[PDB]
file my_file-v4.cif (mmCIF, N, CA and C atoms)
data_my_file
loop_
_atom_site.group_PDB
_atom_site.id
_atom_site.type_symbol
_atom_site.label_atom_id
_atom_site.label_comp_id
_atom_site.auth_asym_id
_atom_site.auth_seq_id
_atom_site.Cartn_x
_atom_site.Cartn_y
_atom_site.Cartn_z
ATOM 1 N N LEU A 199 0.825 -1.200 0.000
ATOM 2 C CA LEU A 199 0.000 0.000 0.000
ATOM 3 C C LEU A 199 0.862 1.253 0.000
ATOM 4 N N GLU A 200 1.941 1.253 0.783
ATOM 5 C CA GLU A 200 2.828 2.412 0.812
ATOM 6 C C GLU A 200 3.492 2.645 -0.536
ATOM 7 N N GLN A 201 3.954 1.578 -1.188
ATOM 8 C CA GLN A 201 4.577 1.748 -2.496
ATOM 9 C C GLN A 201 3.572 2.267 -3.515
ATOM 10 N N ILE A 202 2.351 1.730 -3.495
ATOM 11 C CA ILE A 202 1.316 2.215 -4.403
ATOM 12 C C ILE A 202 1.023 3.684 -4.136
ATOM 13 N N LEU A 203 0.993 4.076 -2.862
ATOM 14 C CA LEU A 203 0.721 5.469 -2.529
ATOM 15 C C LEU A 203 1.829 6.381 -3.037
ATOM 16 N N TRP A 204 3.089 6.021 -2.789
ATOM 17 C CA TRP A 204 4.184 6.850 -3.273
ATOM 18 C C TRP A 204 4.310 6.844 -4.789
ATOM 19 N N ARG A 205 3.757 5.847 -5.474
ATOM 20 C CA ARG A 205 3.792 5.880 -6.930
ATOM 21 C C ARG A 205 2.646 6.702 -7.511
ATOM 22 N N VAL A 206 1.402 6.337 -7.193
ATOM 23 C CA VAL A 206 0.255 7.075 -7.716
ATOM 24 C C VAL A 206 0.279 8.512 -7.214
ATOM 25 N N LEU A 207 0.435 8.689 -5.906
ATOM 26 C CA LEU A 207 0.643 10.015 -5.327
ATOM 27 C C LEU A 207 2.146 10.251 -5.190
ATOM 28 N N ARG A 208 2.769 10.519 -6.339
ATOM 29 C CA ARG A 208 4.216 10.685 -6.388
ATOM 30 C C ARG A 208 4.702 11.789 -5.462
ATOM 31 N N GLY A 209 3.850 12.755 -5.145
ATOM 32 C CA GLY A 209 4.215 13.805 -4.225
ATOM 33 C C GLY A 209 4.402 13.272 -2.815
ATOM 34 N N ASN A 210 4.709 14.197 -1.914
ATOM 35 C CA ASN A 210 5.001 13.836 -0.534
ATOM 36 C C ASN A 210 3.708 13.633 0.245
ATOM 37 N N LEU A 211 3.563 12.457 0.852
ATOM 38 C CA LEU A 211 2.423 12.151 1.702
ATOM 39 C C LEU A 211 2.910 11.336 2.888
ATOM 40 N N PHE A 212 2.711 11.862 4.090
ATOM 41 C CA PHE A 212 3.188 11.213 5.299
ATOM 42 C C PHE A 212 2.338 9.990 5.624
ATOM 43 N N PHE A 213 2.888 9.123 6.472
ATOM 44 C CA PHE A 213 2.209 7.903 6.878
ATOM 45 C C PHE A 213 2.425 7.683 8.367
ATOM 46 N N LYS A 214 1.466 7.012 8.998
ATOM 47 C CA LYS A 214 1.440 6.833 10.446
ATOM 48 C C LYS A 214 1.111 5.391 10.805
ATOM 49 N N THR A 215 1.846 4.449 10.219
ATOM 50 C CA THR A 215 1.623 3.038 10.509
ATOM 51 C C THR A 215 1.774 2.757 12.000
ATOM 52 N N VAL A 216 0.803 2.037 12.555
ATOM 53 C CA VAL A 216 0.830 1.610 13.949
ATOM 54 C C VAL A 216 0.347 0.169 14.011
ATOM 55 N N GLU A 217 1.063 -0.662 14.762
ATOM 56 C CA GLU A 217 0.804 -2.095 14.789
ATOM 57 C C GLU A 217 -0.348 -2.431 15.726
ATOM 58 N N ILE A 218 -1.122 -3.448 15.349
ATOM 59 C CA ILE A 218 -2.207 -3.950 16.185
ATOM 60 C C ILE A 218 -1.695 -5.115 17.020
ATOM 61 N N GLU A 219 -2.061 -5.124 18.305
ATOM 62 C CA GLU A 219 -1.532 -6.126 19.224
ATOM 63 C C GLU A 219 -1.985 -7.538 18.867
ATOM 64 N N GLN A 220 -3.254 -7.717 18.514
ATOM 65 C CA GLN A 220 -3.809 -9.037 18.264
ATOM 66 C C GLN A 220 -4.509 -9.055 16.914
ATOM 67 N N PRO A 221 -4.543 -10.206 16.250
ATOM 68 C CA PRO A 221 -5.200 -10.286 14.943
ATOM 69 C C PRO A 221 -6.708 -10.130 15.058
ATOM 70 N N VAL A 222 -7.311 -9.711 13.949
ATOM 71 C CA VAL A 222 -8.752 -9.512 13.856
ATOM 72 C C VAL A 222 -9.281 -10.347 12.701
ATOM 73 N N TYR A 223 -10.380 -11.057 12.946
ATOM 74 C CA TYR A 223 -10.947 -11.938 11.937
ATOM 75 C C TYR A 223 -11.449 -11.145 10.735
ATOM 76 N N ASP A 224 -11.302 -11.742 9.556
ATOM 77 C CA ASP A 224 -11.764 -11.158 8.305
ATOM 78 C C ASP A 224 -12.981 -11.925 7.805
ATOM 79 N N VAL A 225 -13.863 -11.227 7.089
ATOM 80 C CA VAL A 225 -15.112 -11.840 6.641
ATOM 81 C C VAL A 225 -14.844 -12.849 5.530
ATOM 82 N N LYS A 226 -14.358 -12.368 4.383
ATOM 83 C CA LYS A 226 -14.113 -13.261 3.255
ATOM 84 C C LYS A 226 -12.976 -14.232 3.552
ATOM 85 N N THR A 227 -11.885 -13.738 4.143
ATOM 86 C CA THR A 227 -10.744 -14.595 4.442
ATOM 87 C C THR A 227 -11.053 -15.613 5.533
ATOM 88 N N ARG A 228 -12.042 -15.337 6.385
ATOM 89 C CA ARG A 228 -12.431 -16.238 7.472
ATOM 90 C C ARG A 228 -11.241 -16.570 8.369
ATOM 91 N N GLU A 229 -10.381 -15.580 8.597
ATOM 92 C CA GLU A 229 -9.197 -15.779 9.415
ATOM 93 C C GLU A 229 -8.816 -14.463 10.073
ATOM 94 N N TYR A 230 -8.105 -14.572 11.191
ATOM 95 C CA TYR A 230 -7.605 -13.408 11.908
ATOM 96 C C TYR A 230 -6.133 -13.202 11.574
ATOM 97 N N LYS A 231 -5.795 -12.000 11.116
ATOM 98 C CA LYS A 231 -4.441 -11.690 10.687
ATOM 99 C C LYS A 231 -3.965 -10.428 11.385
ATOM 100 N N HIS A 232 -2.656 -10.357 11.617
ATOM 101 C CA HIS A 232 -2.071 -9.167 12.214
ATOM 102 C C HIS A 232 -2.304 -7.962 11.313
ATOM 103 N N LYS A 233 -2.761 -6.866 11.912
ATOM 104 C CA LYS A 233 -3.134 -5.672 11.171
ATOM 105 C C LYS A 233 -2.308 -4.489 11.652
ATOM 106 N N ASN A 234 -2.393 -3.396 10.899
ATOM 107 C CA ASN A 234 -1.679 -2.175 11.228
ATOM 108 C C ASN A 234 -2.536 -0.980 10.844
ATOM 109 N N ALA A 235 -2.265 0.149 11.491
ATOM 110 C CA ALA A 235 -3.010 1.367 11.211
ATOM 111 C C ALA A 235 -2.607 1.946 9.859
ATOM 112 N N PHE A 236 -3.583 2.530 9.169
ATOM 113 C CA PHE A 236 -3.377 3.129 7.855
ATOM 114 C C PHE A 236 -3.648 4.630 7.879
ATOM 115 N N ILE A 237 -3.175 5.313 8.921
ATOM 116 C CA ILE A 237 -3.375 6.752 9.023
ATOM 117 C C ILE A 237 -2.492 7.457 8.005
ATOM 118 N N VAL A 238 -3.093 8.347 7.216
ATOM 119 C CA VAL A 238 -2.375 9.074 6.177
ATOM 120 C C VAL A 238 -2.971 10.469 6.060
ATOM 121 N N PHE A 239 -2.112 11.446 5.771
ATOM 122 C CA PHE A 239 -2.528 12.836 5.653
ATOM 123 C C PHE A 239 -1.964 13.431 4.374
ATOM 124 N N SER A 240 -2.790 14.207 3.678
ATOM 125 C CA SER A 240 -2.378 14.857 2.442
ATOM 126 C C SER A 240 -3.327 16.010 2.156
ATOM 127 N N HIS A 241 -2.895 16.898 1.266
ATOM 128 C CA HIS A 241 -3.693 18.051 0.880
ATOM 129 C C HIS A 241 -4.404 17.794 -0.444
ATOM 130 N N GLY A 242 -5.508 18.508 -0.644
ATOM 131 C CA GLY A 242 -6.286 18.369 -1.858
ATOM 132 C C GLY A 242 -7.445 17.404 -1.720
ATOM 133 N N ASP A 243 -8.661 17.886 -1.988
ATOM 134 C CA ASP A 243 -9.840 17.033 -1.872
ATOM 135 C C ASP A 243 -9.805 15.892 -2.881
ATOM 136 N N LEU A 244 -9.410 16.184 -4.122
ATOM 137 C CA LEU A 244 -9.304 15.131 -5.126
ATOM 138 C C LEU A 244 -8.260 14.101 -4.725
ATOM 139 N N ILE A 245 -7.147 14.556 -4.147
ATOM 140 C CA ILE A 245 -6.121 13.633 -3.673
ATOM 141 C C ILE A 245 -6.672 12.752 -2.561
ATOM 142 N N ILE A 246 -7.459 13.335 -1.655
ATOM 143 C CA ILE A 246 -8.051 12.552 -0.574
ATOM 144 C C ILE A 246 -9.002 11.503 -1.134
ATOM 145 N N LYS A 247 -9.824 11.888 -2.113
ATOM 146 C CA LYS A 247 -10.741 10.932 -2.725
ATOM 147 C C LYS A 247 -9.981 9.814 -3.427
ATOM 148 N N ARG A 248 -8.903 10.161 -4.133
ATOM 149 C CA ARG A 248 -8.095 9.146 -4.799
ATOM 150 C C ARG A 248 -7.460 8.202 -3.789
ATOM 151 N N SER B 2 9.903 10.337 16.407
ATOM 152 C CA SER B 2 9.425 11.703 16.581
ATOM 153 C C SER B 2 9.363 12.436 15.245
ATOM 154 N N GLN B 3 10.154 11.965 14.277
ATOM 155 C CA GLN B 3 10.171 12.599 12.963
ATOM 156 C C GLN B 3 8.822 12.469 12.265
ATOM 157 N N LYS B 4 8.220 11.278 12.299
ATOM 158 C CA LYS B 4 6.939 11.075 11.629
ATOM 159 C C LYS B 4 5.805 11.764 12.380
ATOM 160 N N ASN B 5 5.776 11.623 13.708
ATOM 161 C CA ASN B 5 4.754 12.303 14.497
ATOM 162 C C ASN B 5 4.907 13.815 14.403
ATOM 163 N N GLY B 6 6.146 14.303 14.477
ATOM 164 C CA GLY B 6 6.379 15.723 14.284
ATOM 165 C C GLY B 6 5.964 16.189 12.904
ATOM 166 N N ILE B 7 6.162 15.342 11.893
ATOM 167 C CA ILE B 7 5.754 15.688 10.536
ATOM 168 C C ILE B 7 4.236 15.784 10.439
ATOM 169 N N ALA B 8 3.522 14.845 11.062
ATOM 170 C CA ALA B 8 2.064 14.908 11.060
ATOM 171 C C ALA B 8 1.569 16.155 11.782
ATOM 172 N N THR B 9 2.184 16.476 12.921
ATOM 173 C CA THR B 9 1.815 17.690 13.640
ATOM 174 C C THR B 9 2.094 18.927 12.797
ATOM 175 N N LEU B 10 3.219 18.937 12.080
ATOM 176 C CA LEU B 10 3.539 20.062 11.213
ATOM 177 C C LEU B 10 2.562 20.167 10.053
ATOM 178 N N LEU B 11 2.093 19.034 9.530
ATOM 179 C CA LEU B 11 1.077 19.071 8.484
ATOM 180 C C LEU B 11 -0.222 19.667 9.007
ATOM 181 N N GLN B 12 -0.624 19.278 10.218
ATOM 182 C CA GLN B 12 -1.804 19.887 10.824
ATOM 183 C C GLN B 12 -1.603 21.385 11.029
ATOM 184 N N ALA B 13 -0.409 21.781 11.474
ATOM 185 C CA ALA B 13 -0.120 23.195 11.683
ATOM 186 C C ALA B 13 -0.152 23.965 10.370
ATOM 187 N N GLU B 14 0.363 23.364 9.297
ATOM 188 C CA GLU B 14 0.304 24.003 7.988
ATOM 189 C C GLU B 14 -1.135 24.142 7.517
ATOM 190 N N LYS B 15 -1.966 23.136 7.789
ATOM 191 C CA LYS B 15 -3.385 23.259 7.478
ATOM 192 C C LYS B 15 -4.010 24.415 8.247
ATOM 193 N N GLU B 16 -3.656 24.552 9.526
ATOM 194 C CA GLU B 16 -4.169 25.662 10.323
ATOM 195 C C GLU B 16 -3.704 27.003 9.763
ATOM 196 N N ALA B 17 -2.445 27.080 9.335
ATOM 197 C CA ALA B 17 -1.931 28.315 8.752
ATOM 198 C C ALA B 17 -2.643 28.646 7.448
ATOM 199 N N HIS B 18 -2.937 27.629 6.636
ATOM 200 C CA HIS B 18 -3.691 27.858 5.407
ATOM 201 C C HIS B 18 -5.097 28.353 5.715
ATOM 202 N N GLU B 19 -5.732 27.780 6.739
ATOM 203 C CA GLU B 19 -7.043 28.269 7.154
ATOM 204 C C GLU B 19 -6.956 29.711 7.634
ATOM 205 N N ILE B 20 -5.868 30.057 8.323
ATOM 206 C CA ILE B 20 -5.672 31.431 8.772
ATOM 207 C C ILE B 20 -5.498 32.363 7.581
ATOM 208 N N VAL B 21 -4.791 31.907 6.548
ATOM 209 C CA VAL B 21 -4.641 32.708 5.336
ATOM 210 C C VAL B 21 -5.994 32.914 4.667
ATOM 211 N N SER B 22 -6.814 31.863 4.629
ATOM 212 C CA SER B 22 -8.156 31.992 4.068
ATOM 213 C C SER B 22 -8.996 32.974 4.874
ATOM 214 N N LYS B 23 -8.875 32.927 6.201
ATOM 215 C CA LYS B 23 -9.591 33.876 7.046
ATOM 216 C C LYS B 23 -9.104 35.298 6.806
ATOM 217 N N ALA B 24 -7.801 35.468 6.582
ATOM 218 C CA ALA B 24 -7.275 36.785 6.243
ATOM 219 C C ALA B 24 -7.840 37.271 4.917
ATOM 220 N N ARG B 25 -8.002 36.362 3.954
ATOM 221 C CA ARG B 25 -8.626 36.733 2.686
ATOM 222 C C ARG B 25 -10.080 37.144 2.889
ATOM 223 N N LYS B 26 -10.801 36.421 3.744
ATOM 224 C CA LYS B 26 -12.177 36.800 4.054
ATOM 225 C C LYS B 26 -12.228 38.166 4.728
ATOM 226 N N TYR B 27 -11.272 38.437 5.618
ATOM 227 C CA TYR B 27 -11.188 39.749 6.249
ATOM 228 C C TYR B 27 -10.865 40.829 5.226
ATOM 229 N N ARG B 28 -10.052 40.498 4.222
ATOM 230 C CA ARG B 28 -9.795 41.440 3.138
ATOM 231 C C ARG B 28 -11.068 41.722 2.352
ATOM 232 N N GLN B 29 -11.894 40.698 2.139
ATOM 233 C CA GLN B 29 -13.188 40.914 1.496
ATOM 234 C C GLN B 29 -14.077 41.818 2.344
ATOM 235 N N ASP B 30 -14.072 41.602 3.659
ATOM 236 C CA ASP B 30 -14.825 42.474 4.554
ATOM 237 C C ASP B 30 -14.306 43.906 4.483
ATOM 238 N N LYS B 31 -12.987 44.070 4.395
ATOM 239 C CA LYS B 31 -12.405 45.397 4.240
ATOM 240 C C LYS B 31 -12.792 46.023 2.908
ATOM 241 N N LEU B 32 -12.921 45.212 1.858
ATOM 242 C CA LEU B 32 -13.407 45.723 0.580
ATOM 243 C C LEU B 32 -14.838 46.228 0.708
ATOM 244 N N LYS B 33 -15.680 45.482 1.424
ATOM 245 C CA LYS B 33 -17.033 45.960 1.696
ATOM 246 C C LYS B 33 -17.001 47.256 2.498
ATOM 247 N N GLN B 34 -16.069 47.357 3.447
ATOM 248 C CA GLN B 34 -15.923 48.582 4.228
ATOM 249 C C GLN B 34 -15.500 49.751 3.348
ATOM 250 N N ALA B 35 -14.617 49.497 2.383
ATOM 251 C CA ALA B 35 -14.232 50.536 1.433
ATOM 252 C C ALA B 35 -15.419 50.960 0.580
ATOM 253 N N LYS B 36 -16.264 50.001 0.196
ATOM 254 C CA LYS B 36 -17.489 50.346 -0.518
ATOM 255 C C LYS B 36 -18.386 51.234 0.335
ATOM 256 N N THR B 37 -18.516 50.910 1.621
ATOM 257 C CA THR B 37 -19.319 51.739 2.516
ATOM 258 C C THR B 37 -18.711 53.129 2.676
ATOM 259 N N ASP B 38 -17.381 53.213 2.709
ATOM 260 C CA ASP B 38 -16.718 54.513 2.791
ATOM 261 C C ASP B 38 -16.972 55.339 1.537
ATOM 262 N N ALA B 39 -16.927 54.701 0.367
ATOM 263 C CA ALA B 39 -17.285 55.399 -0.862
ATOM 264 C C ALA B 39 -18.735 55.853 -0.818
ATOM 265 N N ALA B 40 -19.604 55.037 -0.219
ATOM 266 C CA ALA B 40 -20.994 55.439 -0.038
ATOM 267 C C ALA B 40 -21.095 56.669 0.855
ATOM 268 N N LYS B 41 -20.282 56.728 1.910
ATOM 269 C CA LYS B 41 -20.262 57.909 2.771
ATOM 270 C C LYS B 41 -19.768 59.136 2.012
ATOM 271 N N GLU B 42 -18.749 58.956 1.173
ATOM 272 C CA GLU B 42 -18.259 60.060 0.353
ATOM 273 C C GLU B 42 -19.343 60.567 -0.592
ATOM 274 N N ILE B 43 -20.088 59.652 -1.213
ATOM 275 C CA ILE B 43 -21.207 60.052 -2.062
ATOM 276 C C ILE B 43 -22.278 60.753 -1.241
ATOM 277 N N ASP B 44 -22.550 60.259 -0.033
ATOM 278 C CA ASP B 44 -23.563 60.875 0.816
ATOM 279 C C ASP B 44 -23.165 62.282 1.231
ATOM 280 N N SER B 45 -21.866 62.569 1.280
ATOM 281 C CA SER B 45 -21.446 63.945 1.533
ATOM 282 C C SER B 45 -21.966 64.878 0.447
ATOM 283 N N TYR B 46 -21.799 64.488 -0.817
ATOM 284 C CA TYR B 46 -22.351 65.278 -1.910
ATOM 285 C C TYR B 46 -23.872 65.232 -1.917
ATOM 286 N N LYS B 47 -24.460 64.139 -1.426
ATOM 287 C CA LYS B 47 -25.913 64.083 -1.294
ATOM 288 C C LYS B 47 -26.410 65.139 -0.314
ATOM 289 N N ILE B 48 -25.722 65.283 0.817
ATOM 290 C CA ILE B 48 -26.067 66.315 1.790
ATOM 291 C C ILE B 48 -25.825 67.700 1.204
ATOM 292 N N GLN B 49 -24.744 67.857 0.436
ATOM 293 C CA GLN B 49 -24.488 69.139 -0.216
ATOM 294 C C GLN B 49 -25.613 69.503 -1.178
ATOM 295 N N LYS B 50 -26.081 68.532 -1.966
ATOM 296 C CA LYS B 50 -27.188 68.781 -2.885
ATOM 297 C C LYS B 50 -28.475 69.082 -2.131
ATOM 298 N N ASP B 51 -28.724 68.363 -1.033
ATOM 299 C CA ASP B 51 -29.917 68.623 -0.237
ATOM 300 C C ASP B 51 -29.894 70.033 0.337
ATOM 301 N N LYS B 52 -28.722 70.493 0.776
ATOM 302 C CA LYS B 52 -28.592 71.881 1.206
ATOM 303 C C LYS B 52 -28.825 72.837 0.043
ATOM 304 N N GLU B 53 -28.268 72.518 -1.129
ATOM 305 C CA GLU B 53 -28.488 73.348 -2.310
ATOM 306 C C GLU B 53 -29.951 73.326 -2.735
ATOM 307 N N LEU B 54 -30.589 72.156 -2.671
ATOM 308 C CA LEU B 54 -32.018 72.083 -2.957
ATOM 309 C C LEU B 54 -32.814 72.904 -1.954
ATOM 310 N N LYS B 55 -32.413 72.870 -0.681
ATOM 311 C CA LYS B 55 -33.035 73.746 0.304
ATOM 312 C C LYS B 55 -32.558 75.185 0.153
ATOM 313 N N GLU B 56 -31.403 75.395 -0.486
ATOM 314 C CA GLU B 56 -30.934 76.756 -0.726
ATOM 315 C C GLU B 56 -31.854 77.492 -1.692
ATOM 316 N N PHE B 57 -32.309 76.808 -2.745
ATOM 317 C CA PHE B 57 -33.260 77.422 -3.666
ATOM 318 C C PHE B 57 -34.572 77.741 -2.963
#
call {"tool": "encode", "arguments": {"input": "my_file-v4.cif", "output": "structure tokens"}}
result
Amino acid sequence: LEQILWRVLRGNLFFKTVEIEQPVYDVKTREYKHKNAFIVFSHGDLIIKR
Amino acid sequence: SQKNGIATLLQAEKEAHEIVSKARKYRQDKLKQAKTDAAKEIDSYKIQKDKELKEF
């Protein structure tokens, strides 16, 4: 996801990855996997929508 | 601290941009005030004409 973000949004966009202590079950995957936070900040409404 | 500081700086830059927008809005308000001042200047001649109309 980070590589895709830095490619499509070639400009500068900060990231705030934070690790989750325990896995959370997924609906389609039917399994609990370790997750991380996807906090991201950028300017421009169109950029936010993208 | 670099990433958290960067996020805080991004929020601060957003706040500064909002402050710039507010300054632009205040400039628009000042433009309206200049329009009102021009209205007062016109009203000065309006009072002068009213005196002249009463002068006749």
call {"tool": "atom_distance", "arguments": {"input": "my_file-v4.cif", "atom1": "atom N of residue 231 in chain A", "atom2": "atom C of residue 211 in chain A"}}
result
26.2 Å
call {"tool": "interface_residues", "arguments": {"input": "my_file-v4.cif", "of": "chain A", "to": "chain B", "cutoff": "8 Å", "atoms": "all atoms listed in the file", "output": "PyMOL selection string"}}
result
chain A and resi 212-214+239-240
call {"tool": "write_last_selection", "arguments": {"input": "my_file-v4.cif", "atoms": "N, CA and C atoms", "output": "PDB file, in the frame of the given file"}}
result
ATOM      1  N   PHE A 212       2.711  11.862   4.090  1.00  0.00           N
ATOM      2  CA  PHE A 212       3.188  11.213   5.299  1.00  0.00           C
ATOM      3  C   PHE A 212       2.338   9.990   5.624  1.00  0.00           C
ATOM      4  N   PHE A 213       2.888   9.123   6.472  1.00  0.00           N
ATOM      5  CA  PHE A 213       2.209   7.903   6.878  1.00  0.00           C
ATOM      6  C   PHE A 213       2.425   7.683   8.367  1.00  0.00           C
ATOM      7  N   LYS A 214       1.466   7.012   8.998  1.00  0.00           N
ATOM      8  CA  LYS A 214       1.440   6.833  10.446  1.00  0.00           C
ATOM      9  C   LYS A 214       1.111   5.391  10.805  1.00  0.00           C
ATOM     10  N   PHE A 239      -2.112  11.446   5.771  1.00  0.00           N
ATOM     11  CA  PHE A 239      -2.528  12.836   5.653  1.00  0.00           C
ATOM     12  C   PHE A 239      -1.964  13.431   4.374  1.00  0.00           C
ATOM     13  N   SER A 240      -2.790  14.207   3.678  1.00  0.00           N
ATOM     14  CA  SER A 240      -2.378  14.857   2.442  1.00  0.00           C
ATOM     15  C   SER A 240      -3.327  16.010   2.156  1.00  0.00           C
TER      16      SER A 240
END
call {"tool": "atom_distance", "arguments": {"input": "my_file-v4.cif", "atom1": "CA of residue 18 in chain B", "atom2": "CA of residue 199 in chain A"}}
result
28.6 Å
call {"tool": "atom_distance", "arguments": {"input": "my_file-v4.cif", "atom1": "atom C of residue 248 in chain A", "atom2": "CA of residue 216 in chain A"}}
result
20.7 Å
call {"tool": "select_by_dssp", "arguments": {"input": "my_file-v4.cif", "residues": "chain A", "states": "helix (DSSP H, G or I)", "output": "ChimeraX atom specification"}}
result
/A:200-206,243-247
